Amino acid sequence: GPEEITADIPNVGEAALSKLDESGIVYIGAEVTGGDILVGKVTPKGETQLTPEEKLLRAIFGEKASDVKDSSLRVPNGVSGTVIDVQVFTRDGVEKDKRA
Amino acid sequence: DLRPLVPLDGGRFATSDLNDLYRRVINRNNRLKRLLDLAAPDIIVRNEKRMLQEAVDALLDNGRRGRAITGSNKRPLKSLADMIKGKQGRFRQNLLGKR
Amino acid sequence: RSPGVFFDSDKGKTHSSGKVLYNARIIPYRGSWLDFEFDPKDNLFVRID
Amino acid sequence: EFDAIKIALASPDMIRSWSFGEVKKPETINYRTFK
Amino acid sequence: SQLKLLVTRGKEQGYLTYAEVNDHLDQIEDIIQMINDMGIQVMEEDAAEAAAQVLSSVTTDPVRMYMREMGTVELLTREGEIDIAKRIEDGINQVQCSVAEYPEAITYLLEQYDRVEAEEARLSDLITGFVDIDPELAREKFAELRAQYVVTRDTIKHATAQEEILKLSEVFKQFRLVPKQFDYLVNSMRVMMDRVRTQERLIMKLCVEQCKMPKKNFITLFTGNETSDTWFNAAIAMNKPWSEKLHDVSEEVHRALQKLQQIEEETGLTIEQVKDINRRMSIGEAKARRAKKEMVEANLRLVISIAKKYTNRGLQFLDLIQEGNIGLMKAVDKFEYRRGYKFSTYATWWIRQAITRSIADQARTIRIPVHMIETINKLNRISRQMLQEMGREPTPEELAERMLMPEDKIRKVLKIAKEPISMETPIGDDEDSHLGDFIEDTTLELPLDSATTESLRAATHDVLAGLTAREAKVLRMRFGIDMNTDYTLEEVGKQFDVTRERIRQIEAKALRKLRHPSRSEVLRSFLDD
Amino acid sequence: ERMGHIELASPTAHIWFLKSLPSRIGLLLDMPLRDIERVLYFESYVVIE
């Protein structure tokens, strides 16, 4: 299936995003540092075939790995600064985003 | 695996020249097989045999044969032995000098 | 290099006796590479391409 | 643990001993799935 | 001593450019590469005597060798081609009569014809038409061969039979049956002679090739009677010492006579009839084949012309030509001057489909359907006349209204092309790093994530240590732990011997005790929201 | 780790014993390398029996 740019991501804290609006893109202005998500992208994975003793744990606390991975863009090591600009291209025959 | 066909981002792919060299030799071998069950004229079959000797010979190495039979790339296809010798090859570069 | 005519020498290095050859060439834009070249024997010589 | 690296010409029965089958087709993969 | 002198000069000066090696003597490239390792260090501006001997012996481009092969080849004349064609036809007619020279060949013909009359095939698929609309004619004609045979059975007792087996052959010659039925009795006819000839290898080779039997004694004995024991079992009174050696195999090659009488029975008539039948067949057949071989020679000039335009779409030039030849020989079986034609116009149809049906088959590292290649070549051509026409460029939407396809069946094909990159491509930096030197792995377990999991089977071992023997074992039972495992809940109901329902109770009891915060907080560490 | 093999439709000559400098198949059979070359590329026969 296609990839999404949502904000609801596998294992991202509520303040761990802190800089993504509804579209999952950073606000113009928010100072960024090592590891902050500029754009929250997630790509699906179909039936990972997880390990045993992790099936055990996920059955113990009822949690279960979702369908989407964590291929989300992020600021590299060290390089820290401000987000001065954002462009949003889109395929012509496709739905556009709220931030778009 | 040692001659992979890795997927590149954006729909493209990347392979090693060993792949297409193997493919061409298999093509010439299939053709000579088809010729042999036809009992076609010995001229055509002898050209096929010559061509397969050419293909395998350029497979194991590129230098002794006259023209390194390149591809759509305007570079010579990089055969087996070239992945052992030379500066770039496994021995001189990657088997002692490694990250 | 521009198509024209050139008089090279290549001091030393030919015949390894100290002989200084003289190999004149005429590189045109479109055609043949006319090359007059000497030997050690001081007999002029000609090649086509 | 090994020692005394060796090398020699390879017999056709040797080479058959290595493989786990024989390639026949010049196809590689499926262009729709990548299997 | 010309090249011997130049190699002496190479050992003298130690570096020799194109001037000398061009002027001290393709073969040029070959000889320069050879002079490289006297060693001499040749350039462009046990080897010394080894290379000297190989440089003492006086092209292999298979295209040059192929032209030189074709040198003794020349365009054949038009009606001369008709003559070759009629020679081929005479060969096929020799083979036809040969099969009709075999009567039981026509017997199996009637067998197949009855099976299609018993409906074992199609009445128009039993043959590729007769040489003449409705099958009840051709079928009753086949039925004529049925009655035309049983009129022949009256006369092997020989003067009236020999010309009766042929009258159903002369009618036979005016037919055209499908090749599979054609080759079956043929490939059975090929089986027929191998069976009989192998017998004489048991018959004669076990006498003439072992028992010191001169050729005269078998030929003067066998051929002339050729069937009974008068030629074989009478040779053991030859007043010979080697005819005395005809005893140990006398019961064995007599078997080979037991197999020949089978074969005479199996042939229905004398094996020498069947011999010169299929002997005659392959006699003309090779000549017939010889006729075809002659014609294919004088048409490769077409095929080199045909393939002259398909070349640089990623296929070796000698690979185009060989696929070209495959059609050129396949058409020799099919081309018919019986209309009166030039084979030249006929060939390029087959030879065009040869190159193109192959070029879409074995010309990428990822293969694709010809009907998809049908598509890509339809877009790229229809892309031309729209890019050139409308102005800038055909957008896939614009292609959607030229070709009314859904544009997501189109756009997937535009993702189809562009075969993979050579992983030995040289990247920039002038560092000689190839492309493949940066393509990373995805199968690797992240070395930390292995380091994590080693505590997991330790940590779950921790809480599973402080469990009850039932719960500790049943959970290892229920989940895939420390074995080839994951026995289903009925399966744990059997081994623990409690109940398919009761196990889930203690299983529910298992982690409900482990669902205790402040009791199993270890795996609480293995949670990150 | 696995390897595949290929059954060639006909024999063919290894280049390393063919065209290497000392010609491992050259001096294994008393021949000049150009002779076995003419043999290999279907040019002129070589007699046996």
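Restricted to segment A:27-43, and to residues there that are touching an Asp or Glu at 6+ places or on another chain (Cβ under 8 Å) and crowded, with 17+ Cβ neighbours inside 10 Å, the residue that is nearest to A:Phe89 (Cα to Cα) is A:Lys41. Only one of the numbered conditions (1) surrounded by fewer than 18 Cβ atoms within 10 Å (Cβ to Cβ); (2) assigned to a helix (DSSP H, G or I); (3) acidic (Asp, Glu); (4) away from chain F (no Cβ under 14 Å) is not met by E:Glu81, and that is (1). Summed over segment B:1-25, the residues that are of a type in the set (D, E, K, R) and in a loop (DSSP other than H, G, I, E, B) give a count of 4. E:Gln322 meets each of the listed conditions (1) under 32 Å from the mean Cα position of the chain (by Cα); (2) farther than 26 Å from A:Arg91 by Cα; (3) surrounded by fewer than 19 Cβ atoms within 10 Å (Cβ to Cβ); (4) not aromatic (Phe, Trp, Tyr) apart from (3).
Is there a residue in segment F:13-24 that is of a type in the set (D, E, K, R), surrounded by fewer than 17 Cβ atoms within 10 Å (Cβ to Cβ) and either out of contact with any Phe, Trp or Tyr (no Cβ under 8 Å at 6 or more places or on another chain) or at the interface with chain B (Cβ under 7 Å from one of its Cβ atoms) (or both)? No; the residues of segment F:13-24 include none that is of a type in the set (D, E, K, R), surrounded by fewer than 17 Cβ atoms within 10 Å (Cβ to Cβ) and either out of contact with any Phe, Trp or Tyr (no Cβ under 8 Å at 6 or more places or on another chain) or at the interface with chain B (Cβ under 7 Å from one of its Cβ atoms) (or both). Picking from residues in segment B:41-67 that are hydrophobic (A, V, I, L, M, F, W, C) and more than 7 Å from chain F (Cβ to nearest Cβ), the one that is surrounded by the fewest Cβ atoms within 10 Å (Cβ to Cβ) is B:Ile43.
Residues in segment E:56-78 that are of a type in the set (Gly, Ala, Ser) and within 10 Å of chain F (Cβ to nearest Cβ): 2 in all.
For (1) away from chain E (no Cβ under 14 Å); (2) more than 25 Å from E:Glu12 (Cβ to Cβ); (3) out of contact with any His (no Cβ under 8 Å at 6 or more places or on another chain); (4) of a type in the set (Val, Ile, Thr), each residue gets a yes or a no:
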{"position": "C:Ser2", "(1), (2), (3), (4)": "yes, yes, yes, no"}
{"position": "C:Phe7", "(1), (2), (3), (4)": "yes, yes, yes, no"}
{"position": "C:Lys13", "(1), (2), (3), (4)": "no, no, yes, no"}
{"position": "C:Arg30", "(1), (2), (3), (4)": "yes, yes, yes, no"}
{"position": "C:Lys41", "(1), (2), (3), (4)": "yes, no, yes, no"}
{"position": "C:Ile48", "(1), (2), (3), (4)": "no, yes, yes, yes"}
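One residue stands out among those in chain D that are aromatic (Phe, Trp, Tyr) and outside any helix (DSSP H, G or I): the one that is nearest to F:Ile6 (Cα to Cα), which is D:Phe20. The criterion of at least 1 residues that are within 23 Å of E:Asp114 (Cβ to Cβ) is met by the following helices (runs of 4 or more DSSP H) wholly inside segment E:148-260: E:162-173, E:179-203. For residues that are more than 7 Å from chain E (Cβ to nearest Cβ) and either assigned to a strand (DSSP E or B) or of a type outside the set (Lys, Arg) (or both), tally how many sit in segment B:26-37. Within segment B:26-37, residues that are more than 7 Å from chain E (Cβ to nearest Cβ) and either assigned to a strand (DSSP E or B) or of a type outside the set (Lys, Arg) (or both) number 7.
Being more than 7 Å from every other protein chain (Cβ to nearest Cβ) and of a type in the set (S, T, N, Q) is a condition met by at least one residue of segment F:36-44. When you check E:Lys293 against the structure, is it farther than 30 Å from E:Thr155 by Cα, crowded, with 17+ Cβ neighbours inside 10 Å and of a type outside the set (A, V, I, L, M), yes or no? Yes.
If only residues of segment B:70-96 that are outside any helix (DSSP H, G or I) and among the aliphatic types (A, V, I, L, M) are counted, the one that is farthest from the other protein chains (Cβ to nearest Cβ) is B:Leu96. Exactly one residue among E:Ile481, E:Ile503 is touching a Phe, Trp or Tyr at 6+ places or on another chain (Cβ under 8 Å), closer than 20 Å to A:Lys55 by Cβ and β-branched (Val, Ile, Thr), and that residue is E:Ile503.
Which one is nearest to the other protein chains (Cβ to nearest Cβ) among residues in segment E:297-328 that are over 19 Å from E:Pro62 (Cβ atoms) and part of a helix (DSSP H, G or I)?
Selected residue: E:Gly327.
Inside segment E:1-33, residues that are among the charged types (D, E, K, R) and closer than 21 Å to B:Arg64 by Cα make up a count of 3. Exactly one residue out of E:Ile306, E:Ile277, E:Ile203 is farther than 30 Å from E:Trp350 by Cβ, surrounded by 14 or more Cβ atoms within 10 Å (Cβ to Cβ) and under 35 Å from the mean Cα position of the chain (by Cα), and it is E:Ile277. Taking segment A:44-85 as the range and being among the β-branched types (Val, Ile, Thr) and surrounded by 14 or more Cβ atoms within 10 Å (Cβ to Cβ) as the test, the residues that pass are A:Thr51, A:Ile60, A:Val68, A:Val75, A:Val83.
For chain D, the set of residues classified as basic (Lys, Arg), surrounded by 11 or more Cβ atoms within 10 Å (Cβ to Cβ) and away from chain F (no Cβ under 14 Å) consists of D:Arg32 only. Restricting segment E:45-55 to residues that are more than 9 Å from every other protein chain (Cβ to nearest Cβ) and outside any helix (DSSP H, G or I), the residue that is farthest from B:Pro41 (Cα to Cα) is E:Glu45.
Any residue at all in segment A:43-53 that's small (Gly, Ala, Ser) and closer than 29 Å to E:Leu511 by Cα?
Yes - at least one qualifying residue is present in segment A:43-53.
Taken together, B:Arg67, B:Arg46 contain a single residue that is not in a helix (DSSP H, G or I) and not polar (S, T, N, Q), which is B:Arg67.
No lab work stands behind these numbers, since they all come straight from the coordinates. For neighbour counting, all protein chains shown are included, and Cβ atoms are generated from backbone atoms with ideal geometry for every residue, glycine included.
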